[PDB]
Every structure is written in structure tokens, then in C-alpha cells.
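Enquirer: This is the structure, below, for whatever I ask next.
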2 protein chains.
Amino acid sequence: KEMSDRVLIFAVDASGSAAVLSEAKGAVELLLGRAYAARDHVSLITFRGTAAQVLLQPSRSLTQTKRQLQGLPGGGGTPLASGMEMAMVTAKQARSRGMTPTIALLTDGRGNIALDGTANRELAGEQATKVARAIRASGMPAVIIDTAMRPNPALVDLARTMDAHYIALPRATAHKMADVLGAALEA
Amino acid sequence: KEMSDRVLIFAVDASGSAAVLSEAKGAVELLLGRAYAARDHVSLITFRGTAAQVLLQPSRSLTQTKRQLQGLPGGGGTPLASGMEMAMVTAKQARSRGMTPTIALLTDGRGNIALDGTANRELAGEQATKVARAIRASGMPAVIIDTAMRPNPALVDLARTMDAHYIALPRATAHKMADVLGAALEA
């Protein structure tokens with residue numbers, strides 16, 4: 001697909017049970033510092049309760065994009081795993097934006113609605129990265145949660161399974177995400 | 001001038017000095033992802049050896065432009081940077097298309113033919129963004145080249161004199177160029 005050009009559709013999982021989302025928001029602020037924006041279309045898909053926010057095209061200027069990241073609220077609980085895919089891919093790969101998408105599941109914990117069919121559909125957009133958020137899980141042995149997080153990415157899961165146990169961790173992984181995703185030379 | 005509609009006439013300098021012209025081609029890819037397809041038209045003025053390629057009128061949608069950028073060949077050497085004027089200000093913004101022009105000089109190195117007249121004629125097209133490429137000079141203190149590259153744009157050089165002493169810069173600078181051009185309003 002397109003070289004360098006990407007579309008970071010961040011599934012901003014805003015769980016209300018998260019111990020201070022400020023840290024996560026800070027990580028997002030750092031993302032744009034490493035990820036050479038403009039070409040990329042960071043879609044702020046705030047979900048868990050809310051249904052998305054910033055679309056692919058609206059992000060006209062970097063400075064304004066940052067204002068959005070900071071302004072992003074938080075609230076939710078029910079993890080619609082497969083539901084995300086539909087709300088993501090379908091409404092993201094539209095002609096009024098296009099470009100090579102980059103699915104980023106920032107989902108916290110497991111998902112209640114089974115994925116299954118979505119896996120077969122992933123191939124349409126590709127690059128389904130899985131940020132193993134264990135925010136709420138930090139208070140109890142996840143185990144099963146981890147097992148539910150693993151079978152999310154397509155080909156080459158390991159290179160997309162970015163850990164995020166505590167909200168403070170994402171700040172470091174944020175960099176690695178951009179660097180790796182940039183060199184994503186597969187199809 | 002009016003908003004949205006722009007004529008990004010990019011002087012795609014294809015000098016052999018620019019090791020791996022791919023970066024120059026990719027720079028346009030990035031810009032397109034930020035530009036307003038259909039309205040804006042990036043002219044692939046591959047001049048330095050070849051006599052240009054893609055004009056403003058032909059390419060309509062992003063799906064057309066991108067593939068052409070990649071398909072673009074390469075060839076050039078003689079420092080005829082100044083010669084671009086006629087090929088741009090005259091041959092591009094002709095009655096067969098017109099629309100709000102924007103001169104983008106991606107010229108590599110200096111130009112033996114004095115600017116003078118061309119520089120004064122800039123006002124006919126306006127917005128002569130200068131990209132200070134110097135790949136051949138990446139291994140030695142250019143200095144003189146830098147001094148010949150600076151006095152190229154119209155009023156306020158700084159906001160148009162985007163450096164490119166090495167191919168690694170263009171892919172990054174493209175972000176600054178894109179976002180700024182999106183709100184380019186002076187006359």
C-alpha cells in the first residue's frame with residue numbers, strides 16, 4: 001500500500017473505571033510528536049460509552065489536533081469488541097478520506113461481544129494493532145483477559161501487541177508504536 | 001484569492017545528484033493526503049532533464065495523482081533551476097486551467113543562469129516556496145549553495161525557504177508545508 005502515508009484510527013477506549021485517564025491522554029500528546037502527522041489522519045474514536053469524536057478529515061492543523069486530544073472527555077464501561085470494528089473500518093475507509101488505514105485497538109480488558117467474523121473482515125483494512133490495556137486489570141490477575149487480548153491482530157501479532165498494564169506505561173510505548181508502524185512494509 | 005482551490009505546481013527536480021529520487025516522489029504522496037483532492041492539483045513538473053510530466057487539468061482525483069507520482073521516471077543534471085520559471089509561471093497557469101497558483105521549487109543545488117528577471121516575475125504566479133535541496137552537497141559544506149537558494153521566494157523568504165540538505169528532511173518538512181499551505185492567505 002502507500003509508503004509512509006497511514007491513518008491512525010485510535011480506538012480511544014475511555015473506560016470510566018480507569019484510574020485517572022490523564023496519563024493516557026498525555027501519551028496521545030506524545031504520539032503526534034513522533035508520528036509525522038499531516039499525512040496520517042488520527043481519528044479519535046472515543047468508545048466504551050461515547051461513540052467516536054474526531055473524524056479523518058477534520059484534523060486540518062496539528063496545533064488544533066492537539067487541542068482535541070486534550071479536550072477529549074472520558075466515560076464508558078461496556079466493551080463492544082466486534083462492535084468497534086464495524087464502527088471503525090466501515091466508516092473509516094470511505095472515499096471522503098481513503099488512504100492506508102491503521103487500526104489501533106486501545107481497548108481496556110476483555111471484550112464482551114465476540115469478534116470471530118471481524119477477524120475475516122480485518123483483511124480489508126489491515127494493521128489491527130492491539131494495545132493490551134490492563135488498567136482495570138491492575139487490581140486482579142488478568143490471565144483470561146490477556147488470552148482475550150492476544151487473538152486480535154492479524155498476521156504477526158507480537159509486533160502489534162503493545163502492553164499497557166498501568167496507564168503510566170503507554171507514554172513509553174507510544175514512541176515505539178509510531179516507529180514500528182512507520183516501517184510497516186507488508187502489503 | 002479564493003480558498004480551497006490551489007495550483008501546487010511542484011518543480012520535481014530529478015537530478016542524479018539526488019540519491020534515490022523516491023523521497024521526492026513520496027513527499028508529494030504525503031502532501032496529497034493533506035491537500036484537498038479534486039480542487040487542488042499538484043503539477044508534476046519533472047524538469048532538469050525531462051520536460052515535465054503531469055499537468056494540472058489531467059489529474060483529478062487522488063486515485064489518479066498518487067500512481068503517477070510513483071510512476072514518474074528520473075533524469076537531470078545541469079543547474080538550470082532558474083529555467084523553471086517559464087515552464088511554471090508561463091506554461092502552467094495558462095488559460096487552459098488557471099486557478100489560484102502556488103509555485104513550489106524542489107530544485108536541487110544552484111542554478112548557473114542568473115535569476116534576476118525570473119525572481120521579479122514571481123509576482124505573476126505568487127507563493128514561490130523554495131526547497132533548499134543539496135543532496136550532492138550532503139558530503140561537503142555547501143555555503144554558497146545555501147546563499148543561492150535563500151533569495152528565491154517573494155516577500156518573507158523564511159516562511160517558504162524549507163531546507164532539504166538531505167533526503168531525510170523532505171518527508172518530515174512535508175508536514176509543516178502541508179498544514180501551512182492549507183491556510184495560505186495573503187493575496
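The chains in the C-alpha cells are called A, B, ... from first to last as shown; in each chain the residues are counted from 1, and the ligands are counted from 1 in the order shown.
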How would you write, as a list in words, the set of residues in segment 67-145 of chain B that DSSP gives as strand (DSSP E)?

Expert: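 So the strand (DSSP E) residues in segment 67-145 of chain B would be residues 101, 102, 103, 104, 105, 129, 130, 131, 132 and 133 of chain B.
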
Enquirer: May I have a table of the residues of chain B lying at most 12 Å from chain A, giving each one's closest pair of atoms and their distance in Å to one decimal, counting only C-alpha atoms, ordered by chain and ascending residue number, as JSON lines?

Expert:
```
{"residue": "B:22", "atom": "CA", "partner": "A:3", "partner_atom": "CA", "distance": 10.2}
{"residue": "B:23", "atom": "CA", "partner": "A:3", "partner_atom": "CA", "distance": 10.1}
{"residue": "B:25", "atom": "CA", "partner": "A:3", "partner_atom": "CA", "distance": 10.5}
{"residue": "B:26", "atom": "CA", "partner": "A:3", "partner_atom": "CA", "distance": 7.3}
{"residue": "B:27", "atom": "CA", "partner": "A:4", "partner_atom": "CA", "distance": 9.4}
{"residue": "B:28", "atom": "CA", "partner": "A:39", "partner_atom": "CA", "distance": 10.1}
{"residue": "B:29", "atom": "CA", "partner": "A:5", "partner_atom": "CA", "distance": 7.3}
{"residue": "B:30", "atom": "CA", "partner": "A:39", "partner_atom": "CA", "distance": 4.8}
{"residue": "B:31", "atom": "CA", "partner": "A:39", "partner_atom": "CA", "distance": 6.6}
{"residue": "B:32", "atom": "CA", "partner": "A:39", "partner_atom": "CA", "distance": 7.7}
{"residue": "B:33", "atom": "CA", "partner": "A:39", "partner_atom": "CA", "distance": 5.0}
{"residue": "B:34", "atom": "CA", "partner": "A:39", "partner_atom": "CA", "distance": 5.7}
{"residue": "B:35", "atom": "CA", "partner": "A:39", "partner_atom": "CA", "distance": 9.2}
{"residue": "B:36", "atom": "CA", "partner": "A:57", "partner_atom": "CA", "distance": 9.8}
{"residue": "B:37", "atom": "CA", "partner": "A:96", "partner_atom": "CA", "distance": 9.6}
{"residue": "B:38", "atom": "CA", "partner": "A:96", "partner_atom": "CA", "distance": 11.4}
{"residue": "B:61", "atom": "CA", "partner": "A:95", "partner_atom": "CA", "distance": 10.5}
{"residue": "B:62", "atom": "CA", "partner": "A:98", "partner_atom": "CA", "distance": 9.2}
{"residue": "B:63", "atom": "CA", "partner": "A:98", "partner_atom": "CA", "distance": 9.4}
{"residue": "B:66", "atom": "CA", "partner": "A:2", "partner_atom": "CA", "distance": 8.8}
{"residue": "B:67", "atom": "CA", "partner": "A:2", "partner_atom": "CA", "distance": 9.8}
{"residue": "B:69", "atom": "CA", "partner": "A:2", "partner_atom": "CA", "distance": 11.4}
{"residue": "B:70", "atom": "CA", "partner": "A:2", "partner_atom": "CA", "distance": 10.0}
{"residue": "B:169", "atom": "CA", "partner": "A:36", "partner_atom": "CA", "distance": 11.6}
{"residue": "B:170", "atom": "CA", "partner": "A:36", "partner_atom": "CA", "distance": 11.5}
{"residue": "B:171", "atom": "CA", "partner": "A:36", "partner_atom": "CA", "distance": 8.4}
{"residue": "B:172", "atom": "CA", "partner": "A:36", "partner_atom": "CA", "distance": 6.5}
{"residue": "B:173", "atom": "CA", "partner": "A:36", "partner_atom": "CA", "distance": 9.2}
{"residue": "B:174", "atom": "CA", "partner": "A:38", "partner_atom": "CA", "distance": 8.2}
{"residue": "B:175", "atom": "CA", "partner": "A:38", "partner_atom": "CA", "distance": 5.3}
{"residue": "B:176", "atom": "CA", "partner": "A:38", "partner_atom": "CA", "distance": 8.2}
{"residue": "B:177", "atom": "CA", "partner": "A:38", "partner_atom": "CA", "distance": 9.4}
{"residue": "B:178", "atom": "CA", "partner": "A:38", "partner_atom": "CA", "distance": 6.9}
{"residue": "B:179", "atom": "CA", "partner": "A:61", "partner_atom": "CA", "distance": 5.5}
{"residue": "B:180", "atom": "CA", "partner": "A:61", "partner_atom": "CA", "distance": 8.1}
{"residue": "B:181", "atom": "CA", "partner": "A:61", "partner_atom": "CA", "distance": 10.4}
{"residue": "B:182", "atom": "CA", "partner": "A:60", "partner_atom": "CA", "distance": 7.6}
{"residue": "B:183", "atom": "CA", "partner": "A:61", "partner_atom": "CA", "distance": 9.2}
```

Enquirer: Neighbouring residues of residue 118 of chain B were defined as those with any atom within 8 Å, considering only C-alpha atoms; residues of the same chain fewer than 3 positions away were excluded. Please report them as an NGL selection string.

Expert: :B and (82 or 85 or 115 or 121-122)

Enquirer: Please report, as a PyMOL selection string, each residue of chain B to which DSSP assigns alpha helix (DSSP H) when run on this structure's backbone.

Expert: chain B and resi 22-32+62-71+84-85+117-121+144-149+170-181

Enquirer: Take the residues from that selection and write them out as an mmCIF file, in the first residue's frame, keeping C-alpha atoms.

Expert:
```cif
data_model
loop_
_atom_site.group_PDB
_atom_site.id
_atom_site.type_symbol
_atom_site.label_atom_id
_atom_site.label_comp_id
_atom_site.auth_asym_id
_atom_site.auth_seq_id
_atom_site.Cartn_x
_atom_site.Cartn_y
_atom_site.Cartn_z
ATOM 1 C CA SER B 22 11.932 8.091 -4.341
ATOM 2 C CA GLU B 23 11.876 10.507 -1.395
ATOM 3 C CA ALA B 24 10.974 13.456 -3.636
ATOM 4 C CA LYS B 25 8.146 11.398 -5.139
ATOM 5 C CA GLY B 26 6.994 10.269 -1.702
ATOM 6 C CA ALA B 27 6.986 13.860 -0.462
ATOM 7 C CA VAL B 28 4.133 14.562 -2.877
ATOM 8 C CA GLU B 29 2.258 11.464 -1.648
ATOM 9 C CA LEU B 30 2.289 12.852 1.896
ATOM 10 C CA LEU B 31 1.193 16.312 0.747
ATOM 11 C CA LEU B 32 -1.735 14.844 -1.197
ATOM 12 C CA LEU B 62 -6.218 11.280 -5.517
ATOM 13 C CA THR B 63 -6.547 7.788 -7.013
ATOM 14 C CA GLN B 64 -5.029 9.238 -10.193
ATOM 15 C CA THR B 65 -2.291 11.509 -8.835
ATOM 16 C CA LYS B 66 -0.654 9.013 -6.449
ATOM 17 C CA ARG B 67 0.011 6.282 -9.023
ATOM 18 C CA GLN B 68 1.511 8.903 -11.344
ATOM 19 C CA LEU B 69 3.911 10.126 -8.636
ATOM 20 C CA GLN B 70 5.225 6.594 -8.207
ATOM 21 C CA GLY B 71 5.394 6.026 -11.961
ATOM 22 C CA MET B 84 11.730 26.529 -14.222
ATOM 23 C CA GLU B 85 10.018 29.942 -14.287
ATOM 24 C CA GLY B 117 14.367 38.607 -14.151
ATOM 25 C CA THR B 118 12.658 35.386 -13.072
ATOM 26 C CA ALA B 119 12.672 36.497 -9.428
ATOM 27 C CA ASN B 120 10.893 39.736 -10.349
ATOM 28 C CA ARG B 121 8.388 37.822 -12.484
ATOM 29 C CA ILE B 144 27.438 29.188 -1.439
ATOM 30 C CA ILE B 145 24.552 26.925 -2.467
ATOM 31 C CA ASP B 146 22.610 27.925 0.658
ATOM 32 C CA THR B 147 23.176 31.576 -0.233
ATOM 33 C CA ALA B 148 21.905 30.991 -3.779
ATOM 34 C CA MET B 149 18.861 29.054 -2.556
ATOM 35 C CA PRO B 170 11.567 16.332 2.915
ATOM 36 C CA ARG B 171 9.429 13.562 4.436
ATOM 37 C CA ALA B 172 9.398 15.470 7.732
ATOM 38 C CA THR B 173 9.173 19.044 6.415
ATOM 39 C CA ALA B 174 6.214 17.982 4.253
ATOM 40 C CA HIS B 175 4.074 18.145 7.402
ATOM 41 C CA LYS B 176 4.946 21.793 8.040
ATOM 42 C CA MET B 177 4.465 22.697 4.376
ATOM 43 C CA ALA B 178 1.085 20.953 4.122
ATOM 44 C CA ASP B 179 -0.523 22.389 7.270
ATOM 45 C CA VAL B 180 0.712 25.912 6.475
ATOM 46 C CA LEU B 181 -0.342 25.813 2.808
#
```

Enquirer: May I have the residues within 12 Å of residue 134 of chain B as a PyMOL selection string, using only C-alpha atoms and disregarding those fewer than 6 positions away in the same chain?

Expert: chain B and resi 13+15-19+79+106-111+140-149+162-170

Enquirer: Could you save those same residues with N, CA, C and O atoms as a CSV table (one decimal), in the first residue's frame?

Expert:
```
chain,number,residue,atom,x,y,z
B,13,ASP,N,12.4,18.3,-9.3
B,13,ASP,CA,13.8,18.3,-9.8
B,13,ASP,C,14.2,16.8,-9.7
B,13,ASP,O,14.3,16.2,-8.6
B,15,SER,N,17.4,15.5,-10.5
B,15,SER,CA,18.8,15.5,-10.7
B,15,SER,C,19.4,14.2,-10.2
B,15,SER,O,19.0,13.7,-9.1
B,16,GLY,N,20.4,13.6,-10.9
B,16,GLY,CA,21.1,12.4,-10.5
B,16,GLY,C,21.7,12.6,-9.1
B,16,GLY,O,22.0,11.7,-8.4
B,17,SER,N,22.0,13.9,-8.8
B,17,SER,CA,22.7,14.3,-7.5
B,17,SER,C,21.8,13.8,-6.4
B,17,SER,O,22.3,13.5,-5.3
B,18,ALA,N,20.5,13.9,-6.5
B,18,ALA,CA,19.6,13.5,-5.5
B,18,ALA,C,19.5,12.0,-5.4
B,18,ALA,O,18.6,11.4,-6.1
B,19,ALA,N,20.4,11.4,-4.7
B,19,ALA,CA,20.4,9.9,-4.5
B,19,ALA,C,19.0,9.4,-4.1
B,19,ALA,O,18.5,9.8,-3.0
B,79,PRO,N,22.5,22.6,-13.8
B,79,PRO,CA,21.9,23.5,-12.9
B,79,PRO,C,21.1,24.6,-13.6
B,79,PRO,O,21.5,25.8,-13.6
B,106,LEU,N,11.4,22.6,-6.1
B,106,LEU,CA,12.0,21.5,-5.4
B,106,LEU,C,13.4,21.3,-6.0
B,106,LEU,O,14.0,20.2,-6.0
B,107,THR,N,14.0,22.4,-6.5
B,107,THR,CA,15.3,22.4,-7.2
B,107,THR,C,16.4,21.9,-6.3
B,107,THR,O,16.5,22.3,-5.2
B,108,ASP,N,17.3,21.1,-6.9
B,108,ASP,CA,18.5,20.6,-6.1
B,108,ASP,C,19.7,21.3,-6.6
B,108,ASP,O,20.0,21.4,-7.8
B,109,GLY,N,20.4,21.9,-5.6
B,109,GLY,CA,21.6,22.7,-5.9
B,109,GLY,C,21.3,24.1,-6.4
B,109,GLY,O,20.2,24.6,-6.4
B,110,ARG,N,22.3,24.7,-7.0
B,110,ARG,CA,22.2,26.1,-7.5
B,110,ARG,C,21.7,26.1,-8.9
B,110,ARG,O,21.2,25.1,-9.5
B,111,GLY,N,21.8,27.3,-9.6
B,111,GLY,CA,21.4,27.5,-10.9
B,111,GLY,C,22.5,28.4,-11.5
B,111,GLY,O,22.8,29.4,-10.9
B,140,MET,N,29.7,17.8,1.8
B,140,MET,CA,30.6,19.0,1.9
B,140,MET,C,29.8,20.3,2.2
B,140,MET,O,28.7,20.5,1.8
B,141,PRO,N,30.4,21.2,3.0
B,141,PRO,CA,29.8,22.5,3.4
B,141,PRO,C,29.4,23.3,2.1
B,141,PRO,O,30.3,23.9,1.5
B,142,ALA,N,28.1,23.2,1.8
B,142,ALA,CA,27.6,23.9,0.7
B,142,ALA,C,27.8,25.4,0.7
B,142,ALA,O,28.5,26.0,-0.2
B,143,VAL,N,27.3,26.1,1.8
B,143,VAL,CA,27.5,27.5,2.0
B,143,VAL,C,27.0,28.4,0.8
B,143,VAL,O,26.0,29.0,0.9
B,144,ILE,N,27.8,28.4,-0.3
B,144,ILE,CA,27.4,29.2,-1.4
B,144,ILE,C,26.1,28.8,-1.9
B,144,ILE,O,25.2,29.6,-2.2
B,145,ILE,N,25.8,27.5,-2.0
B,145,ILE,CA,24.6,26.9,-2.5
B,145,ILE,C,23.4,27.5,-1.6
B,145,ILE,O,22.4,28.0,-2.1
B,146,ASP,N,23.6,27.4,-0.3
B,146,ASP,CA,22.6,27.9,0.7
B,146,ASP,C,22.3,29.4,0.3
B,146,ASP,O,21.1,29.8,0.4
B,147,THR,N,23.3,30.2,0.1
B,147,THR,CA,23.2,31.6,-0.2
B,147,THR,C,22.5,31.8,-1.6
B,147,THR,O,21.8,32.8,-1.7
B,148,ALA,N,22.6,30.9,-2.5
B,148,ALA,CA,21.9,31.0,-3.8
B,148,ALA,C,20.5,30.5,-3.7
B,148,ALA,O,19.6,30.9,-4.5
B,149,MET,N,20.2,29.6,-2.7
B,149,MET,CA,18.9,29.1,-2.6
B,149,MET,C,17.9,30.0,-1.8
B,149,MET,O,16.7,30.0,-2.1
B,162,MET,N,12.0,26.2,2.8
B,162,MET,CA,12.1,25.0,3.5
B,162,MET,C,13.4,24.2,3.1
B,162,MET,O,13.6,23.9,1.9
B,163,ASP,N,14.3,24.0,4.0
B,163,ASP,CA,15.5,23.3,3.7
B,163,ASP,C,15.3,21.8,3.4
B,163,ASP,O,14.3,21.2,3.8
B,164,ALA,N,16.3,21.3,2.7
B,164,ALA,CA,16.3,19.9,2.3
B,164,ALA,C,17.7,19.4,1.9
B,164,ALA,O,17.9,18.8,0.9
B,165,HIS,N,18.6,19.8,2.8
B,165,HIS,CA,20.0,19.4,2.6
B,165,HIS,C,20.3,17.9,2.5
B,165,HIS,O,21.3,17.5,2.0
B,166,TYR,N,19.3,17.1,2.9
B,166,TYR,CA,19.4,15.7,2.9
B,166,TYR,C,18.0,15.2,2.7
B,166,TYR,O,17.0,15.7,3.2
B,167,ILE,N,17.8,14.1,1.9
B,167,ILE,CA,16.5,13.5,1.6
B,167,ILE,C,15.7,13.1,2.8
B,167,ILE,O,14.4,13.1,2.7
B,168,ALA,N,16.3,13.0,4.0
B,168,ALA,CA,15.6,12.6,5.2
B,168,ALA,C,14.7,13.8,5.7
B,168,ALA,O,13.7,13.5,6.4
B,169,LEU,N,15.0,15.0,5.3
B,169,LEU,CA,14.3,16.2,5.7
B,169,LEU,C,12.9,16.3,5.0
B,169,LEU,O,11.9,16.4,5.7
B,170,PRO,N,12.8,16.2,3.7
B,170,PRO,CA,11.6,16.3,2.9
B,170,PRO,C,10.4,15.6,3.5
B,170,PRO,O,9.3,16.2,3.7
```

Enquirer: If you measure from atom CA of residue 152 of chain A to atom CA of residue 76 of chain A, what distance in Å do you get, rounded to one decimal?

Expert: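 A separation of 21.1 Å between them.
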
Enquirer: Could you work out how far atom CA of residue 56 of chain B lies from atom CA of residue 150 of chain B, giving the answer in Å with one decimal?

Expert: 27.0 Å

Enquirer: One decimal, in Å: what's the spacing between atom CA of residue 184 of chain A and atom CA of residue 43 of chain B?

Expert: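 Atom CA of residue 43 of chain B lies 28.8 Å from atom CA of residue 184 of chain A.
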
Enquirer: Set the distance at 12 Å and use only C-alpha atoms: which residues neighbour residue 155 of chain B once local chain neighbours fewer than 3 positions away are removed? I'd like the list as a list in words.

Expert: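 Within the cut-off, the hits are residues 119, 120, 122, 123, 126, 127, 128, 129, 150, 151, 152, 158, 159, 160, 161, 186 and 187 of chain B.
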
Enquirer: Could those residues be written to a file, using N, CA, C and O atoms, as an mmCIF file, in the first residue's frame?

Expert:
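The result, stored in part.cif:
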```
data_model
loop_
_atom_site.group_PDB
_atom_site.id
_atom_site.type_symbol
_atom_site.label_atom_id
_atom_site.label_comp_id
_atom_site.auth_asym_id
_atom_site.auth_seq_id
_atom_site.Cartn_x
_atom_site.Cartn_y
_atom_site.Cartn_z
ATOM 1 N N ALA B 119 13.031 36.126 -10.794
ATOM 2 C CA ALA B 119 12.672 36.497 -9.428
ATOM 3 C C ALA B 119 11.625 37.608 -9.420
ATOM 4 O O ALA B 119 10.643 37.541 -8.684
ATOM 5 N N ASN B 120 11.827 38.618 -10.260
ATOM 6 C CA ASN B 120 10.893 39.736 -10.349
ATOM 7 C C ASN B 120 9.555 39.306 -10.943
ATOM 8 O O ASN B 120 8.506 39.844 -10.588
ATOM 9 N N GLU B 122 8.116 36.539 -10.423
ATOM 10 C CA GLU B 122 7.430 35.665 -9.469
ATOM 11 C C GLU B 122 6.018 36.167 -9.177
ATOM 12 O O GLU B 122 5.066 35.388 -9.167
ATOM 13 N N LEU B 123 5.889 37.481 -9.012
ATOM 14 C CA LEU B 123 4.610 38.124 -8.716
ATOM 15 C C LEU B 123 3.460 37.729 -9.642
ATOM 16 O O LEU B 123 2.294 37.922 -9.303
ATOM 17 N N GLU B 126 2.923 34.157 -7.832
ATOM 18 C CA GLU B 126 2.940 34.246 -6.374
ATOM 19 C C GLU B 126 3.256 32.939 -5.653
ATOM 20 O O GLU B 126 3.240 31.853 -6.241
ATOM 21 N N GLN B 127 3.562 33.077 -4.366
ATOM 22 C CA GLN B 127 3.867 31.959 -3.480
ATOM 23 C C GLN B 127 4.917 30.982 -4.001
ATOM 24 O O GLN B 127 4.629 29.803 -4.208
ATOM 25 N N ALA B 128 6.133 31.475 -4.207
ATOM 26 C CA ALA B 128 7.220 30.631 -4.684
ATOM 27 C C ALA B 128 7.956 29.970 -3.520
ATOM 28 O O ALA B 128 8.980 30.474 -3.057
ATOM 29 N N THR B 129 7.408 28.866 -3.019
ATOM 30 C CA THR B 129 8.031 28.138 -1.919
ATOM 31 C C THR B 129 9.324 27.489 -2.407
ATOM 32 O O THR B 129 9.315 26.714 -3.368
ATOM 33 N N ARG B 150 18.455 30.690 -0.801
ATOM 34 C CA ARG B 150 17.652 31.587 0.026
ATOM 35 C C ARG B 150 16.870 32.675 -0.724
ATOM 36 O O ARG B 150 15.641 32.691 -0.673
ATOM 37 N N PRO B 151 17.560 33.576 -1.452
ATOM 38 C CA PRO B 151 16.858 34.636 -2.185
ATOM 39 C C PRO B 151 16.123 34.127 -3.428
ATOM 40 O O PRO B 151 16.527 34.401 -4.560
ATOM 41 N N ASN B 152 15.056 33.367 -3.208
ATOM 42 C CA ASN B 152 14.258 32.809 -4.296
ATOM 43 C C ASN B 152 12.781 33.202 -4.200
ATOM 44 O O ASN B 152 12.183 33.605 -5.198
ATOM 45 N N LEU B 158 11.715 33.319 4.710
ATOM 46 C CA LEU B 158 11.637 32.362 5.815
ATOM 47 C C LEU B 158 10.446 31.404 5.798
ATOM 48 O O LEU B 158 10.621 30.189 5.904
ATOM 49 N N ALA B 159 9.244 31.945 5.635
ATOM 50 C CA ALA B 159 8.028 31.134 5.619
ATOM 51 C C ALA B 159 7.844 30.303 4.347
ATOM 52 O O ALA B 159 6.776 29.731 4.125
ATOM 53 N N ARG B 160 8.880 30.237 3.517
ATOM 54 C CA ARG B 160 8.825 29.484 2.269
ATOM 55 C C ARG B 160 10.133 28.757 1.980
ATOM 56 O O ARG B 160 10.165 27.823 1.176
ATOM 57 N N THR B 161 11.212 29.197 2.618
ATOM 58 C CA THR B 161 12.521 28.586 2.427
ATOM 59 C C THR B 161 12.676 27.316 3.261
ATOM 60 O O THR B 161 13.343 27.316 4.299
ATOM 61 N N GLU B 186 -2.842 35.476 1.608
ATOM 62 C CA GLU B 186 -2.123 36.746 1.626
ATOM 63 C C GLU B 186 -2.732 37.682 0.590
ATOM 64 O O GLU B 186 -3.066 38.828 0.891
ATOM 65 N N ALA B 187 -2.888 37.173 -0.628
ATOM 66 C CA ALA B 187 -3.460 37.936 -1.728
ATOM 67 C C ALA B 187 -4.316 37.016 -2.598
ATOM 68 O O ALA B 187 -4.886 37.492 -3.600
#
```

Enquirer: Which neighbours of residue 44 of chain A fall inside 7 Å, counting only C-alpha atoms, when residues of the same chain fewer than 6 positions from it are skipped, and could you give them as a tab-separated table (two decimals) with N, CA and C atoms, in the first residue's frame?

Expert:
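File around_30.tsv, as written:
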```tsv
chain	number	residue	atom	x	y	z
A	9	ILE	N	-6.31	5.27	13.20
A	9	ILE	CA	-7.65	5.34	13.77
A	9	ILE	C	-7.60	4.79	15.20
A	10	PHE	N	-7.24	5.67	16.13
A	10	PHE	CA	-7.13	5.30	17.54
A	10	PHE	C	-8.46	5.06	18.23
A	11	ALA	N	-8.71	3.80	18.58
A	11	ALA	CA	-9.93	3.41	19.27
A	11	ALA	C	-9.73	3.81	20.73
A	12	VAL	N	-9.92	5.10	21.01
A	12	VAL	CA	-9.74	5.64	22.36
A	12	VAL	C	-10.74	5.05	23.35
A	52	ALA	N	-17.13	7.62	19.18
A	52	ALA	CA	-16.19	8.41	18.37
A	52	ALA	C	-16.27	9.91	18.63
A	53	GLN	N	-15.37	10.66	18.00
A	53	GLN	CA	-15.31	12.11	18.13
A	53	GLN	C	-14.78	12.78	16.86
A	54	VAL	N	-13.46	12.83	16.73
A	54	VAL	CA	-12.82	13.46	15.58
A	54	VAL	C	-12.66	12.49	14.41
A	55	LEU	N	-13.10	12.93	13.23
A	55	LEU	CA	-13.01	12.13	12.02
A	55	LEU	C	-11.65	12.30	11.34
```
